[PDB]
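> Just the starting chains for now, same placement as in the complex:
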Amino acid sequence: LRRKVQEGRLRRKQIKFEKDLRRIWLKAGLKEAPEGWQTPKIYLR
Amino acid sequence: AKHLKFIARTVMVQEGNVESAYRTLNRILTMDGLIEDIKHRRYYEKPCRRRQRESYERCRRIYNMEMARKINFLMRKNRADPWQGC
Amino acid sequence: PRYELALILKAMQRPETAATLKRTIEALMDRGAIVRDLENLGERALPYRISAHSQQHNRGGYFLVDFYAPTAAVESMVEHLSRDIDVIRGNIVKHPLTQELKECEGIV
């Protein structure tokens, strides 16, 4: 059960990272992400 | 195995005195440390225990020698009283 | 540097021993060695039985080859001494004379 909670928290952390990254280019004025940009999954093996 | 036999740890019997030859062989093996090695090699002695034992034996020898030297040095004084009465 | 090769050769007759000595010295020179002297210690019973090249030896001829060789030759020479079938045991050491005899004042 500690595995499930930890994996859910890792998903939440990845979502937070993506959301901050999105905030950056939205504030920069870009309607979409830079061409070819894909947020990597850095919190999963 | 690869060595010549009847040279190492070999004692000759004199006048059929087998007992004296056996006891001399025992003395040789004891003073060469072979007996202690055989007795110690029956079971494995852990390295830390071996180190502690060696240190204890060395320091016991040193302390005993120092105490014996002190006693021998102060034994010269032990004699009849030359100023008895006073 | 200066090296000493201690060679324990098979107990053979004079012609075979001479040929083996020539072969060893030729290998030394082929690897770049300058040989100083070849020295005979004699044929004697080995301190123990030595099994070399699928043959057991109890006696052998002791020889000393003093030479100067490059540092790279030594290893190569060792390999050759492993393949020669008439060598019971060959070992290269730094020549004892090169080591400095440091002087001592006695026991403190």
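Yes, it's here. Numbering: from 1, shown residues only, chains lettered A, B, ... in the order given.

> which of the residues in the longest strand belonging to chain C are buried?
Scanning chain C for the strand with the most residues, using DSSP state E, yields strand C:34-52. Buried residues in strand C:34-52, counted by 16 or more other Cβ atoms under 10 Å in any protein chain shown: C:35, C:38, C:46, C:50, C:52. Yep, even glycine has a C-beta here, placed from its N, CA and C like the rest.

> Spatially central, which residue of chain B would that be?
Geometric centre of chain B, nearest residue: residue B:31, 6.4 Å, by Cα atoms, centre = their mean.

> what's that residue sitting at in phi/psi?
Phi and psi for residue B:31, reported as degrees, to the nearest 10, are phi -80, psi -20.

> how much space between it and residue B:25?
11 Å (Cβ to Cβ, to the nearest Å).

> Residue A:1 too?
Here the distance between residue A:1 and residue B:25 works out to 72 Å (Cβ to Cβ).

> Give the residue from the two that has the larger number of neighbours.
For residue A:1 versus residue B:25, the count of surrounding residues by other Cβ atoms under 10 Å in any protein chain shown is larger for residue B:25: 13 against 5.

> Please give me every residue in contact with the more buried one.
B:9, B:11 (Cβ atoms under 8 Å, 6 or more residues apart in numbering or on different chains).

> repeat that with 6 Å
Residues near residue B:25 by Cβ atoms under 6 Å, 6 or more residues apart in numbering or on different chains: residue B:11.

> Pull the number of nearby residues for residue 38.
Picked chain A for this. Residue A:38 has 6 neighbours, counted by other Cβ under 10 Å.

> that's the wrong chain, I meant chain B
Residue B:38 sits with 10 neighbouring residues when counted by other Cβ under 10 Å.

> Now do the residue in chain B that chain C sits nearest to against residue B:53, distance only.
With Cβ to the nearest Cβ, the shortest gap between chain B and chain C falls at residue B:2, namely 4.2 Å. As judged by Cβ to Cβ, residue B:2 and residue B:53 stand 33 Å apart.

> Also residue C:81?
Residue C:81 is 44 Å from residue B:53, by Cβ to Cβ.

> Those two: which is more packed in?
Neighbour count, other Cβ under 10 Å: between residue C:81 and residue B:53, residue C:81 has more, with 17 against 12.

> For that one, which residues are in contact?
By Cβ under 6 Å, 6+ apart, the contact set of residue C:81 is C:87, C:90.

> So it lies in a helix, does it not?
Yes - assigned with DSSP: H, G, I helix; E, B strand; the rest coil, residue C:81 falls within a helix.

> distance of residue B:85 from residue B:72?
The separation that residue B:85 has from residue B:72, given Cβ to Cβ, amounts to 30 Å.

> Extend the structure above with chain D:
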Amino acid sequence: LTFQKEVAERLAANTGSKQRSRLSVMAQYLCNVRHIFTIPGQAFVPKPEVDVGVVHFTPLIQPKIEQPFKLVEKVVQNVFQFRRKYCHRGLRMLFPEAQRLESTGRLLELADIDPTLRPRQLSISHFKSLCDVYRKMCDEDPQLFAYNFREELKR
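So that you can see how it sits with the rest, here is chain D on the chains above:
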């Protein structure tokens, strides 16, 4: 029943509890096991150096593995004999040496088990699949169930 604290936890260890071992699966595919409370060692009149746990067993209406007890015992013991290694290292000791590599792969393929799963991470359904495939193998080979790799290594 009362057990020692460690044994009670091993009996009541979930998939991914450090006390997960043979006893956990062995008790849990047959019984609902509940480690209720623990009694410290100071409470026993000659005081031991260990604690005491109280475990409650309720037999399960539908056992989670429909197999003979001794077969499941062998499978679980061979799985858990190397508790920190990959599971296949434990399953491969169920078969003779000659057919070891082939039979281990066959068992894992038919059972649909990831070889990189460790013993402590294997749920009771994985053990169900492994036990079923091993039962089929033993039915196809009368003398497989009597194999003891230590006796083979004796020779």
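
> can you check the contacts of residue C:81 again with chain D included?
By Cβ under 6 Å, 6+ apart, the neighbours of residue C:81 are C:87, C:90.

> just the helices in the chain please.
No chain specified, so I'll use chain A. Counting by DSSP state H, chain A has helices at residues A:2-28.

> Hmm, no, I was thinking of chain D.
With DSSP H, the ranges of helices along chain D come out as D:5-11, D:22-28, D:69-80, D:87-91, D:100-111, D:124-140, D:149-154.

> TSV for these, including distance to residue C:6 and mean neighbour count?
Listed next are those as TSV, based on distance: least, Cβ to Cβ, whole Å; neighbours: other Cβ atoms under 10 Å in any protein chain shown:
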stretch	distance to residue C:6	mean neighbour count
helix D:5-11	63	20
helix D:22-28	62	20
helix D:69-80	57	18
helix D:87-91	51	21
helix D:100-111	51	16
helix D:124-140	64	17
helix D:149-154	46	10
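
> For residue B:81, find the nearest of these.
For the helices of chain D, proximity to residue B:81 was assessed by Cβ to Cβ; helix D:5-11 is nearest, at 74.1 Å.

> follow-up on the earlier one: what about the helices of chain D, which gets the closest to chain C?
Nearest to chain C, of all these, is helix D:149-154, at 32.0 Å by Cβ to the nearest Cβ.

> For residue 1, give me its contacts.
No chain specified, so I'll use chain A. So residue A:1 contacts nothing (Cβ under 6 Å, 6+ apart).

> that answer is for a different chain, and I need it for chain D
residue D:55.

> at 10 Å instead, please
Applying Cβ atoms under 10 Å, 6 or more residues apart in numbering or on different chains, one finds that residue D:1 lies in contact with D:8, D:11, D:53-57.

> Show me which residues of chain B sit near chain C.
Residues of chain B lying close to chain C (Cβ under 10 Å from any Cβ of the partner chain) are B:1-4.

> and which of these is nearest to residue B:41?
Closest approach to residue B:41 among those (Cβ to Cβ): residue B:1, at 18.0 Å.

> What is the burial count for the closest one?
Residues lying near residue B:1 (other Cβ under 10 Å) number 5.

> Test my guess that it contacts residue C:48.
Yes - with contact defined as Cβ atoms under 10 Å, residue B:1 counts as touching residue C:48 (8.6 Å).

> before we move on, the earlier item: which of the contacts of residue D:1 lies closest to residue B:79?
For these, the nearest to residue B:79 is residue D:53 (76.8 Å; Cβ to Cβ).

> Centroid-nearest residue for chain A?
Nearest to the geometric centre of chain A sits residue A:18, at 2.2 Å (Cα atoms, centre = their mean).

> how about the nearest residue to that one, chain neighbours excluded?
Distance criterion Cβ to Cβ, 6 or more residues apart in numbering or on different chains; nearest residue to residue A:18, sequence neighbours excluded, is residue A:39 at 4.9 Å.

> slot chain E in:
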Amino acid sequence: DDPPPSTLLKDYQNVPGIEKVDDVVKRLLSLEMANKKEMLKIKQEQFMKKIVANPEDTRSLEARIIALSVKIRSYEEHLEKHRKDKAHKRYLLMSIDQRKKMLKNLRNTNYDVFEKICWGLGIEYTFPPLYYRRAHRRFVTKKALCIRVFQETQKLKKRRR
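Chain E now in position relative to the chains above:
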């Protein structure tokens, strides 16, 4: 490149009449028949003659830098073959740090000698990083996105104007 094997030892190079000896003597007194340390000494002497104004003064910063550079080269050659020698990896890294410190001192003290040393010994001086922090995965990813977004914004502004 190393000195040729026929090079004579530093100890036997100024002996009078050393050109009048037998070829066997020349080989015996050469680098071919000595350990690596003599060859390193010859390298150090060559560097000193090439770079420093007074090749005899070994107590100056430039001479020490040359000696440590020779030692660093020797450690690199050793570690090329001995990949798992942790002690000599440590020695190489510590020697590089010490040479960097000496180079900083020389640059702050004597720029002409510093430049001559850098050219002669093939050393490219690098200034230290200002901050020492871990560049973890999140940080590098976010930095790369920031650079990409800046480039895109530059393109958009260029198009606008």
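
> try the contacts of residue C:81 again now we have chain E.
Applying Cβ under 10 Å, 6+ apart, one finds that residue C:81 lies in contact with C:5, C:7, C:24, C:27, C:87, C:89-92.

> repeat that for 6 Å
With Cβ under 6 Å, 6+ apart, residue C:81 has these contacts: C:87, C:90.

> ok so, going back, which helices and strands sit right next to the longest strand of chain C?
strand C:55-68 (3 or more Cβ pairs under 6 Å, 6 or more residues apart in numbering or on different chains; DSSP states H and E).

> now residue A:3: how far from residue D:120?
11 Å.

> These two: which has the busier surroundings?
Comparing residue A:3 with residue D:120 by other Cβ under 10 Å, the one with more neighbours is residue D:120, at 19 against 10.

> Just give the closest residue to the more buried one, not the sequence neighbours.
Closest to residue D:120 by Cβ to Cβ, 6+ apart is residue D:20, at 4.6 Å.

> ok, now residue D:90?
Residue nearest to residue D:90 in three dimensions, not counting chain neighbours: residue D:79, with 4.6 Å by Cβ to Cβ, 6+ apart.

> any idea how far residue D:67 is from that neighbour?
From residue D:79 to residue D:67 the distance is 14 Å (Cβ to Cβ).

> what residues does chain C put near chain E?
Counting by Cβ under 6 Å from any Cβ of the partner chain, chain C comes close to chain E at C:68, C:70.

> Which part of chain E gets nearest to chain D, residue-wise?
For chain E, the residue closest to chain D is residue E:137, as judged by Cβ to the nearest Cβ, at 23.1 Å.

> Can you get me a residue count around that residue?
Residue E:137: 11 surrounding residues under other Cβ under 10 Å.

> surely it meets residue A:42?
Yes - assessed by Cβ atoms under 6 Å, residue E:137 is found in contact with residue A:42 at 4.2 Å.

> separation between the residue nearest to the centre of chain B and chain A?
Distance from residue B:31 to chain A, counting by Cβ to the nearest Cβ, to the nearest Å: 65 Å.

> same deal with residue C:34?
Applying Cβ to the nearest Cβ, the value for residue C:34 to chain A is 63 Å.

> ok, now residue E:121?
Residue E:121 sits 42 Å away from chain A when distances are taken as Cβ to the nearest Cβ.

> cool, residue E:59 as well?
For residue E:59, the distance to chain A equals 53 Å [Cβ to the nearest Cβ].

> That residue: which element?
Assigned by DSSP states H and E, residue E:59 falls within no helix or strand.

> That one: how many residues sit nearby?
6.

> repeat for residue B:9
Close neighbours of residue B:9, defined as other Cβ under 10 Å, add up to 10.

> Repeat that for residue E:75.
Residue E:75 has 21 neighbouring residues, counting by other Cβ under 10 Å.
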